[PDB]
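For neighbour counting, all protein chains shown are included, and Cβ atoms are generated from backbone atoms with ideal geometry for every residue, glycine included. Since every read-out is calculated from the coordinates, none of them should be taken as a lab result.
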Amino acid sequence: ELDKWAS
Amino acid sequence: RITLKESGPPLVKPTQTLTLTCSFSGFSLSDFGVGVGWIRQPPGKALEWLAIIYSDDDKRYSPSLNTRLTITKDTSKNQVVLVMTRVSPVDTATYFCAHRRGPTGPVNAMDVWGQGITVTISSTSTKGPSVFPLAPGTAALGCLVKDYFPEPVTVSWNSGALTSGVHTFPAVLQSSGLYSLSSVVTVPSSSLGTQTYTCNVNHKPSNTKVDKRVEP
Amino acid sequence: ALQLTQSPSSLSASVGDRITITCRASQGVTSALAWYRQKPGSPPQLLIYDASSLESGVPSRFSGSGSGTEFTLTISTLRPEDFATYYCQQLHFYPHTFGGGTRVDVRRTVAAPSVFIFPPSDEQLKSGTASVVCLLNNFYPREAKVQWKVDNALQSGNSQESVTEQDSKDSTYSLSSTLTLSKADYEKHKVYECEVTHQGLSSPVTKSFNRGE
């Protein structure tokens, strides 16, 4: 799963 | 600015629960996006990621630990708590909590760390060491400081009068849950019959002081 | 999960040297990679955040570059305070992985270890066990191998050993290995041998003793 800040 | 400090028990028994607390100042868990993580490091080993919790409360645990870890935050106390269940000797390490910036780019790093708290997992009780001789143009001799708990122990030679050539090694936690360390000193062969060598051992935790003379 | 491989895992250098270490990921982590320096007894310290951004307060000699699966940390001119262990960490995927670390120590000429073997003491012998220890004194580089043999049987799983920190004056390491046996076992064997393998020894060295002699 991706980190919270991959935005 | 920001500082963090880990607190909890330095000694925990196998099977039991390890509860850690991270107290910090310079930021609050209500600032947007801010996180606080837990990182551990076994003696002489690499850093291992444990978990992280954020301002809005989501948290993530290391997959290979997650049925044993629980991370929480009390915001009026400005603390984060980590609970690790059924610990075993392999969990012996230094535990660090660290801060992670929220979006104002640079959220990509843990920018400030606690000093770390070293936790040792053992089922043993305080116990003084037994001191055995390690004996024989350069010669080596020493003392084996065995079966003590908990760390630390201090070793000197000839009441401090002897310092060069001395090597007190890092103690090893044995499978028995007790420590064992050696202190050796290298000296001239010719000195072996006229000079005396005594290691002074002090394990304050159990107050066992021992002076042990070794020639051959 | 995501594997972060750091290399070289160990590196030898001198003050004033220019070194570059790498950290590479099994999957692309974009620019979410941080670099830390950790000195013995102290917590990690952020140097580079987001792969190439110098952390405020960090010396200009430190720099980072890379993206995706390749990253490097370069120290333009090595200082005394830089002989430590460096780690990289990716914060793109959960869990946040740390590399295995890169160890930077002080370079000096190769120095083979002085080896000594110590039989267990009689006093210990009636406590019920026998500890025989092998000392590898003042060597360099750090990598060293100790092999215990009892009556030529290779010993495994019953020895522990620790190493000292690199000496501040001569830059050498010393190692101590302890072979632990029950007394009964100690008494039913004869030759106790410690074989040391090290870059400074053309051929492994063996120190030994015969129990009753």
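Assorted remarks:
- Within region C:120-177, trypsin sites (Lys or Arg not before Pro) in DSSP loop having at most 13 other beta-carbon neighbours inside 10 Å: C:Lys126, C:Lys169
- Packing-based order for B:154-160, C:200-206, C:94-100, C:34-40, using average beta carbon neighbours within 10 Å, highest first: C:94-100, C:34-40, B:154-160, C:200-206
- Size of region B:124-216: Rg and Dmax of its alpha carbons, in Å, are 13.3, 43.
- In this Cβ point-charge picture (+1 for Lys and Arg, -1 for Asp and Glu), region B:12-60 has a dipole of about 380 debye about its Cα centre.
- Mean partner shielding of peptide B:57-69, defined as the number of other chain Cβ atoms within 10 Å of each residue Cβ, is 2.
- Taking each of B:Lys5/C:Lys169; B:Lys146/C:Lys126; B:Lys146/B:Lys204; C:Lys149/C:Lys190; C:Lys39/C:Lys145; B:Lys127/C:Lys126 in turn, the alpha-carbon distance tops 22 angstrom for B:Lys5/C:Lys169; C:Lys39/C:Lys145.
- Each of B:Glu151, B:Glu215 was scored by other Cβ atoms within 10 Å of its Cβ. Arranged with the fewest first, they read B:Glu215, B:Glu151.
- Values of log10 I(q)/I(0), in the order q = 0.10, 0.16 Å⁻¹, for region B:92-175 under a Debye, Cα-only, solvent-free model: -0.49, -0.82
- Cα gyration tensor shape of region C:91-170, rounded if a/c is under 1.5, else prolate or oblate by comparing a/b with b/c: oblate
- For region B:124-216, the residue among B:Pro133, B:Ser189, B:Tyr148 whose Cα projects farthest onto the positive side of the dipole built from Cβ charges is B:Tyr148.
- Rg/Rg_globular for region B:1-123, with Rg_globular taken as 2.2 N^0.38 Å and Rg from C-alpha atoms: 1.01
- For region B:14-66: rounded, prolate or oblate by the Cα gyration tensor [a/c cutoff 1.5]: prolate
- Here the label points at B:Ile2 and B:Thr196, each 7 Å from Cα along the C-beta direction, are separated by 5.9 nm in the simple model.
- 10 Å Cβ neighbours from other chains, averaged over peptide C:42-53: 5
- Compared with the direct C-alpha span, the chain from B:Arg86 to B:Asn66 gains 6.0 nm at full extension, assuming 0.36 nm per residue.
- Shielding score for B:45-52, defined as the mean number of other chain Cβ atoms within 10 Å: 6
- Estimated from the Cβ-Cβ distance and a Förster radius of 45 angstrom, the FRET efficiency linking B:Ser123 and C:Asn152 is about 0.80.
- Arranged from fewest to most other beta-carbon atoms within 10 Å of their beta carbon, B:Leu20, B:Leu192 become B:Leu192, B:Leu20.
- The Cα center of region B:4-77 and the Cα center of region C:96-136 differ in position by 34 Å.
- Cα-based Rg and Dmax for the protein assembly as shown, where Dmax is the largest Cα-Cα distance (Å): 24.1, 75
- Zero-based 10 Å bins, Cα pair distances in chain C, whole percents: 8, 27, 23, 20, 15, 7, 1
- Each residue in B:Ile39, B:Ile117 was given a count of other beta-carbon atoms within 10 angstrom of its own, and listing them fewest first yields B:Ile117, B:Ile39.
- Taking a Cβ cut-off of under 10 Å around B:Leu65, the surrounding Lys, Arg, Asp and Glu residues balance to a net charge of 0, with basic ones at +1 and acidic ones at -1.
- Global dimensions of chain B from alpha-carbon coordinates: Rg and Dmax equal 22.5, 72 Å.
- Region B:94-159 and region C:1-77 have their alpha-carbon centroids 26 Å apart.
- DSSP assigns beta bridges within region C:1-107; of those with both partners inside it, close to 90 percent run antiparallel.
- Cα-based shape type of region B:56-133, given that a ≥ b ≥ c are square roots of the gyration tensor eigenvalues and the cut on a/c is 1.5: prolate
- Region C:1-107 - Rg over Rh from alpha carbon coordinates, Kirkwood radius: 0.94
- Dipole of chain B [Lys/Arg +1, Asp/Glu -1 at C-beta], most positive-end residue of B:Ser123, B:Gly165, B:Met110: B:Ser123
- FRET efficiency, 1/(1 + (r/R0)^6) with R0 60 Å, evaluated for C:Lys126 and C:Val15 via beta carbons: 0.70
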